[PDB]
2 protein chains.
Amino acid sequence: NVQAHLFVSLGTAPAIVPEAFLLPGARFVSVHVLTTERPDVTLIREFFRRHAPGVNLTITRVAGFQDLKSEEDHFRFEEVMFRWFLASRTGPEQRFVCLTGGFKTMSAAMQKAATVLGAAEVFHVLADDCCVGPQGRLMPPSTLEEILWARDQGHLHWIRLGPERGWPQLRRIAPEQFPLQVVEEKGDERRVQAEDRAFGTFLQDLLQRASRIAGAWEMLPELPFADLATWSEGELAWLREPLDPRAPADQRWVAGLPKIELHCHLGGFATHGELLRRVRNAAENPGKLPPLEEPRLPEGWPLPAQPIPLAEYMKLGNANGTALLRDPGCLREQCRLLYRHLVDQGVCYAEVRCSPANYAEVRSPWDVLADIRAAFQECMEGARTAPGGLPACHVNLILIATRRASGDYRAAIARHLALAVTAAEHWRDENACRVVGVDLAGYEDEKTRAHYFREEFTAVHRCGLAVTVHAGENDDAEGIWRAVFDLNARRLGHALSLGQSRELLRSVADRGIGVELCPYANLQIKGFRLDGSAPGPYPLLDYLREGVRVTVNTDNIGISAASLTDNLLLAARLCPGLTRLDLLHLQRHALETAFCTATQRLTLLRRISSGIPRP
Amino acid sequence: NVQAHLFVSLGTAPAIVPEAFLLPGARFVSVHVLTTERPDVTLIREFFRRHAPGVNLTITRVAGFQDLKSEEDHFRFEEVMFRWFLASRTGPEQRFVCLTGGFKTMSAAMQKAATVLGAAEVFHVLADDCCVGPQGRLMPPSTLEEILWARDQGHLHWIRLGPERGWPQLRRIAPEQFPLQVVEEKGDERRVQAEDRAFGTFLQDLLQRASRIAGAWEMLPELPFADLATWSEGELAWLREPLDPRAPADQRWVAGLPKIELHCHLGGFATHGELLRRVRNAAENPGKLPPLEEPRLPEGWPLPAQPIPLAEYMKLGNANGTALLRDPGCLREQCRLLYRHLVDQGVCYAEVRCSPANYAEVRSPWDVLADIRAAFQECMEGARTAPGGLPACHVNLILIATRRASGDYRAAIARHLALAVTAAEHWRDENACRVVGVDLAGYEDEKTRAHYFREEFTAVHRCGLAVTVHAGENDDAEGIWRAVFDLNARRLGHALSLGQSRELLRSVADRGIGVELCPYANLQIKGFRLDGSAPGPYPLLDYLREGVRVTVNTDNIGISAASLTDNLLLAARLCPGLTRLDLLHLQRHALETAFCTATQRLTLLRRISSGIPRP
RNA sequence: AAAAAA
Ligand SMILES: Nc1ncnc2c1ncn2[C@@H]1O[C@H](COP(=O)(O)OP(=O)(O)OP(=O)(O)O)[C@@H](O)[C@H]1O
Ligand SMILES: Nc1ncnc2c1ncn2[C@@H]1O[C@H](COP(=O)(O)OP(=O)(O)OP(=O)(O)O)[C@@H](O)[C@H]1O
Ligand SMILES: [Mg+2]
Ligand SMILES: [Zn+2]
Ligand SMILES: [Zn+2]
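Each value, and the rule that gives it
- Residues numbered from 1 in each chain as written, not as in the entry; some residues may be left out.
- Chains lettered and ligands numbered in written order.
- Part of a larger assembly, values for the part shown.
- Heavy atoms only, no water.
- UniProt positions renumbered as here; feature names shortened; annotations may be inferred.
- Pairing = 2+ DSSP bridges.
- Helix = DSSP H or I, 4+ residues; strand = E, 2+ residues; numbered from the N terminus.
- Core = buried A, V, L, I, M, F, W, Y, C linked by side-chain atoms within 4.5 Å.
- Buried < 20%, exposed > 50% of the residue type's maximum accessible area, 1.4 Å probe, protein only.
- Contact = heavy atoms within 4.5 Å.
- Donors = N, O, S within 2.8 Å, 3.2 Å for Na, K, Ca; no water.
- Buried area = accessible area lost by both parts, 1.4 Å probe.
- Salt bridge = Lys/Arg side-chain N within 4 Å of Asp/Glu carboxyl O.
- Polar contact = N/O pair within 3.5 Å; in protein donor to acceptor, adjacent residues only side chain to side chain.
- Near = heavy atom within 4 Å.
- Areas by Shrake-Rupley, 256 points an atom, 1.4 Å probe, with all protein chains shown as cover.
- Nonpolar A, V, L, I, M, F, W, Y, C, P; charged D, E, K, R; others polar.
- 1 Å grid on protein atoms, 1.4 Å probe; cavity = no way out; pocket = protein on both sides within 12 Å on 5 of 7 lines; lining within 4 Å.
- Axes fitted to C-alpha atoms, helices over the stretch in contact; angles between N-to-C directions.
- Parallel < 35°, antiparallel > 145°, perpendicular 65-115°, else oblique.
- Least-squares fit on C-alpha atoms.
- Left-handed = near helix turned anticlockwise from the far one by under 90°.

Chain A appears in the PDB entry as Adenosine deaminase domain-containing protein from Limisphaera ngatamarikiensis. Each PDB entry has a title, and for this one the record gives "The structure of type III CRISPR-associated deaminase in complex cA6 and ATP, fully activated". Chain A has a UniProt comment under Sequence similarities (unreviewed entry) that states "Belongs to the metallo-dependent hydrolases superfamily. Adenosine and AMP deaminases family."

Shown next, in the form of structure tokens:
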């Protein structure tokens, strides 16, 4: 029932096409022959005209491939041959290829094309010297009665080297993508040419990807992303030695790495430098704007010699936040600048934390939250880059419930929780900015631990909203235990005091509770030894080794005055021996621990896997 | 600096090896030539005698290949050629392949071997017509001085096709496992033979596996296991279609599939049939053993016509349990039978639940727990099958905290919690039976829900022990919520009422809390519509589509009188349209939600991926 | 059985 096409080459010796045609036990249609525009193809024409009028064969000649002097003529022949294979709409069960005729290059390339595209059968035809001619014992010449005599007396062999399968993504391809130009067109004969050197690269890197996947098919689950498997021994080993923050090549590598952000405060981005001026000169009511005050930073701020406690750390960001973001224009420009910075950093997903109730003096906190989400959504729709028509960076909101040492803050906590619940129930579109969780931040001690806040978080847990808590910054492992088991937090922020309790670490690893580490905030607040030269060692390596889902974030960009790439670089700095594979593991942990739907999680996994650059 | 070995084929036309040896720039050593038996090789011998002493060329001729009449001699030549390539301790970096010489098939096989094994360079020679010969316009057959004359004025081309990479698995290999046989030996010439056509199959199915991986690479994240991506389009399409429990092929495949057990009761295995008698005839004191009475099973017990209550379900297993297992010999025999059943069922991991406090009359419950674990450990050590010296089935212990409608049961639950904590702190070896979690089992109601037990459970949360709870079988989603959030349960048992509340389902899916469903026990107790022909539909399909982590188990094997395979078949029956990919998803969910270390998780995942049978 | 099926 199959059409059973014939694909054959032709050289200076004609009559190979006709003998290849009458293969036993197979009726053929549309035999296609390839030549090199030196030899004549008349004999096959008269044979098929007199002995098989329903074959409608074609002859293809190759673009001034006169004779084999160099390499490039062979390469153009191979490319035109591959495009000629593609040009006929033929299934794998229809192609019958004979690697006979002409140069051995043509035969070997035909065998390679058959084994790559999965031809239905490959065969070689032989004839016996049964002709008198001018001198006896001659191969059968052009004339047709002698070739029929050679057939019916049994002087042909037809060795066939079995069927082939071929690549699955290269079985059909598309005969509209790779084109064949016809320099001269005439009745049942064409001379073709390929404008570009395209299919060679496609075949080469497809076979390369197959070889690399086969080479690293083992230990694939240990990889964080599937697409790392197509990286060869050299680049796999390149991703195994410890990171070198000094090298500009490593810095360029980290900068181009797609990144996932989870610990980000909207109120600590534009506090110093020109960004603060850009946010100040956008207010709707500049008359009542507070006077421009720049808080002084300690000497050597990004790498301070002496740690500073939390109160001065909060006071560093007094230039921005509640004092400045009351005006709608300032908040809108702050949101736009934050999105621009996130996209410039290469972040494919971020979760910005905001406290709209602190920005309500005449407009409601609901109005502030609506304005923030509207600014984020409009800036999302503005930047419609990336494949699939998806936003370049996807940002979700987390409401902040902040706690103070003294004063009135519980009413604020209740208001934030109710607003977060209502906002989560309001916006449910998957491809849009949403409120995905709540936070428990602020001053922490024995008397403001997580277990004092169960009763109002009962409503949030009933609603089914994600919860994250600040714990371990200024508290021992008891605070982390209260946050994990009495408040049921899904992610912990700055869990530096987790290593004291082995059982707590085992529990946090086993239930898959995420842990967020900000190297700049931890270094500036608690202080850590740099480059291996008593706060204790930075716990990133221990957390990774013990299996707990750890991630690196930025905390306050403006207060710390650096971005996520700088945080990753100094995370490598704090722990000697940290590897780029560990950075990819942190990326996978952040992707898996983030607050997003399963489909969006798969989309981000695919995007990050296919967006990893190469050394 | 490399050695630059050469591999060149020879036909009936000599003086191509001398032309292949001459290369513009490359210093060659140990030229190797492959030939049939009849054609002359003397000319290359004299050429390397008087022009290259330190070259030590070798000639190898195929034993039974002189003129090809069929494909068998081509195949034996193919195999012996691959064995000859492997027989030289050489790498790709110094391998130079020349395809000049012989049939078109030999050149094609030469290029295929070069591109598979990988070579530093593949090429071949072309000769312009230089010598006059006996008739008009010949080209050099012989006359090595004339060959040098053609060389120094340049009528030879040496078309340099290019370099190959080759598959990493077959770069080096070793000729010892794929050797050659020398039929005769004299000088540097040898006639060789290969016993079996084994390397051809190895290369063929290696390339086949590469094709399977390339075809399913895009959908790898959706696949439960990486090894499932090497199954071809036919087996993938077979797997995607819905399961048919009627077909014996499907039943055989489900039986052969490796399984993970998470819900098995040690007190409900040997209750009826010959297993009961086998347990009974092992007691240390048969005289004090109670009489033999079996409760009558309802009509059509495995598929009862009507739903049944829980009290008579408990009474149905009165032949085994506290009435029989208080004897140490009976308990040890029961553990041995349970392990043998688990191994026969194909289980590679199970967690058996026990209540040692119910088996203490003269011996402490600690003695019962120690005896049970010792029996399981000796069963493990006896059956040290499987690769890596790892036991065929790994069994962990989960203590049961029983709830009663009325009476004295809180002392028992306190005993069980303390015993579980002490047993967890006793045994800590990774590759051995351990007490890994606790249960909250027994009758429950509005006044016997989970949240009343928090004061009892905080200790087992402080010591770092996993907790699982029964809920949802005779109550609404409120018990599920209190178990998830007030007790921090990591797995829920029989959560059939979870579908009513969307918020709790989303919370359970987000937090990744495992859900264990037993189709036989649920069908018997609650009753459900079979084959789509009011308790509502069975929630397996809805749970899988919603993303919640669900598993299928056996509950009480003896009481239900069925195994894991029957449970999976009935799970398919209860949800028409259930596909085999959903079964693999269930196995992956059970693997991930099991209470075990990360290394054990990786080993279990890799062995389950490599242990899935094909259709 | 290299520039053109043994
Ligand atoms: N790294 C941190 N550790 C602890 N608390 C933090 C940290 N970063 C920010 N916070 C707290 O987060 C709360 C909310 O901050 P937000 O980002 O909304 O800025 P803000 O409105 O300018 O802050 P503030 O209330 O200090 O004026 C603030 O009370 C701040 O104390
Ligand atoms: N399907 C079920 N649902 C709820 N509880 C169950 C179920 N099956 C068993 N249990 C409870 O599990 C606890 C332990 O059962 P196990 O079979 O290990 O012991 P046993 O000696 O058979 O129990 P018992 O003395 O209650 O008959 C018992 O309290 C039983 O009530
Ligand atoms: Mg502030
Ligand atoms: Zn924070
Ligand atoms: Zn049970």
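Back to the text.
To continue, consider the pairing of strand 8 (residues 189-193) of chain A. Strand residues, when the strand is regular, have side chains that alternate between the two faces of the sheet. Residues and elements named next belong to chain A. Relative to strand 8, strand 3 (residues 58-62) runs parallel, the two sharing 3 bridges. Looking across to strand 8, one finds that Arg 61 is bridged to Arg 191. Strand direction decides the pairing type here: strand 7 (residues 181-186) and strand 8, joined by 5 bridges, are antiparallel. Paired with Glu 185 across the two strands is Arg 190, which belongs to strand 8. A loop of 2 residues connects strand 7 with strand 8, the two strands running antiparallel in sequence, and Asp 188 in this loop sits at a positive phi of about 35°.

In this section: the nonpolar core. Among the nonpolar cores identified, the biggest contains 257 residues, and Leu 540 of chain A together with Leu 266, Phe 376, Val 395 and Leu 540 of chain B are the most heavily contacted of them. When neighbours within four sequence positions are excluded, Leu 540 of chain A is seen to be in contact with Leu 517, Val 550, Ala 571, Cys 575, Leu 578 and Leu 586 of chain A. Core analysis: the second largest hydrophobic core is formed by 66 residues, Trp 84, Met 106, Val 122 and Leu 206 of chain A among them.

The next point concerns the coordination of the zinc ion (ligand 4). All names here are of chain A. Donor atoms from the polypeptide that bind the zinc ion (ligand 4) are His 263 (NE2), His 265 (NE2) and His 470 (NE2), placed at 2.3 Å. In primary sequence terms, the donor set of the zinc ion (ligand 4) follows H-x1-H-x204-H. Of this pair, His 263 sits in the loop between strand 9 (259-260) and strand 10 (264-265) while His 470 sits in strand 14 (residues 466-470); the two residues are 207 residues apart in sequence, bridging distant segments of the chain. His 470 shares its class with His 263; the two are buried.

Attention now goes to the sheet that holds strand 4 (residues 95-98) of chain A. Residues and elements named next belong to chain A. Strand order in the open sheet made by the 8 strands is 6-5-4-1-2-3-8-7, with mixed pairing throughout. Lying at the two open borders of the sheet, with one neighbouring strand each, are strand 6 (159-160) and strand 7. The pairing of strand 2 (residues 31-34) with strand 3 spans 3 bridges and is classified as parallel. Bridge pairing in strand 3 links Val 33 to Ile 59.

Attention now moves to the interface of chain A and chain B. Contact residues are listed per partner, giving 65 residues for chain A and 64 residues for chain B. For the pair chain A and chain B, the summed buried area comes to about 5,600 Å², and 58% of that belongs to carbon and sulfur atoms. Among the residues chain A hides against chain B, the three largest losses belong to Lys 104, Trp 217 and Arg 462 of chain A. Together they make up 14% of the total. Across the contact surface, chain A and chain B share 5 salt bridges. In this structure, the salt-bridge partner of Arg 606 of chain A is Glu 222 of chain B, at a minimum N-O distance of 2.7 Å. On inspection of chain A and its partner chain B, the count reaches 18 residue pairs in polar contact. At the level of secondary structure, the elements contributing two or more residues to the side of chain A that touches chain B comprise helix 3 (72-87), helix 4 (104-117), strand 6, helix 6 (199-215), helix 14 (454-463), helix 15 (477-485), helix 16 (502-510) and helix 22 (598-610) of chain A.

Our next topic: the site of ligand 1. All names here are of chain A. Within the structure, ligand 1 sits among 17 residues, and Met 314, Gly 321, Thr 402, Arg 404 and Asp 555 are positioned closest to it. A distance of 3.3 Å separates an oxygen atom of ligand 1 from a polar side-chain atom of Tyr 359. One of the side-chain N or O atoms of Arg 404 is found 3.0 Å from an oxygen atom in ligand 1. Coverage of ligand 1 by the protein amounts to 88% of the 590 Å² it exposes when considered alone. Its residues assigned to classes, the shell around ligand 1 comprises 3 nonpolar, 11 polar and 3 charged.

Attention shifts here to the UniProt feature "binding site: Zn(2+)" (unreviewed entry) in chain A. All names here are of chain A. Residues annotated in UniProt with the feature "binding site: Zn(2+)" (unreviewed entry) correspond here to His 263, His 265, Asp 439, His 470 and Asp 555. Cross-referencing the annotated residues with the largest cavity identifies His 470 as lining it. Considering the arrangement of structural elements, one finds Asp 439 in strand 13 (residues 435-442). Not counting the four nearest positions on each side in its chain, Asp 439 is found in contact with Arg 353, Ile 398, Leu 399, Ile 400, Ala 401, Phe 457, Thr 468 and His 470.

Residue and element names in this part refer to chain B. Contact geometry of helix 13 (residues 410-426) with helix 14 (residues 454-462) gives a least axis separation of 10 Å together with a crossing angle of 5°. Classified by the angle between their axes, helix 13 and helix 14 sit roughly parallel to one another. Contacts from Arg 410, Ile 413, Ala 414, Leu 417 and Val 421 in helix 13 reach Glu 456, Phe 457 and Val 460 in helix 14.

Here we take up the protein's contact with RNA strand C. Within the structure, RNA strand C sits among 39 residues, and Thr 12, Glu 19 and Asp 128 of chain A together with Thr 12 and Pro 140 of chain B are positioned closest to it. Separating a base nitrogen of RNA strand C from a side-chain N or O atom of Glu 19 of chain A is a distance of 2.7 Å. When residues of the surface near RNA strand C are traced back to their parent elements, those giving at least two are helix 1 (16-21) of chain A together with helix 4 (104-117) of chain B.

Bringing the relation of the copies chain A and chain B into the picture now. Put simply, the second copy of the chain is the first one after a rotation about an axis and a shift along it. With an RMSD of 0.9 Å, chain A superimposes on chain B once it is rotated by 180° and translated 0.1 Å along the axis. The two molecules are tied by a two-fold rotation axis, judged by turn and shift. Judged by C-alpha distance, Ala 108 of chain A is the residue of chain A that lies nearest the rotation axis, at 2.1 Å. Counting the interface residues of chain A, we find that 89% of their copies in chain B are interface residues as well, pointing to one common contact surface.

On to the packing of helix 4 of chain A against helix 4 of chain B. For the pair helix 4 of chain A and helix 4 of chain B, interaxial distance at closest approach is 8 Å and the crossing angle is 55°. It follows from the interaxial angle that helix 4 of chain A and helix 4 of chain B lie oblique. Considering how the two elements wind past one another, helix 4 of chain A and helix 4 of chain B form a crossing that is right-handed. Taking contact as the criterion, the partners of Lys 104, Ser 107, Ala 108, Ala 109 and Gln 111 of chain A in helix 4 of chain A are, on helix 4 of chain B, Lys 104, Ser 107, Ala 108, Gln 111 and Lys 112 of chain B. A breakdown of the residues in the contact of helix 4 of chain A with helix 4 of chain B according to their chemical character gives 3 nonpolar, 4 polar and 3 charged.

Residues and elements named next belong to chain A. Residues annotated in UniProt with the feature "binding site: ATP 4" (unreviewed entry) correspond here to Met 314, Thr 322, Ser 355, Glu 473, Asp 555 and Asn 556. Here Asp 555 is to be found in the loop between strand 17 (550-552) and helix 19 (557-560). According to the relative accessible area criterion, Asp 555 is buried, its value standing at 5%. Within the secondary structure, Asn 556 sits in the loop between strand 17 and helix 19. The contact partners of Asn 556, leaving out residues within four places of it in the chain, are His 265, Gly 268, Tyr 313 and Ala 561.

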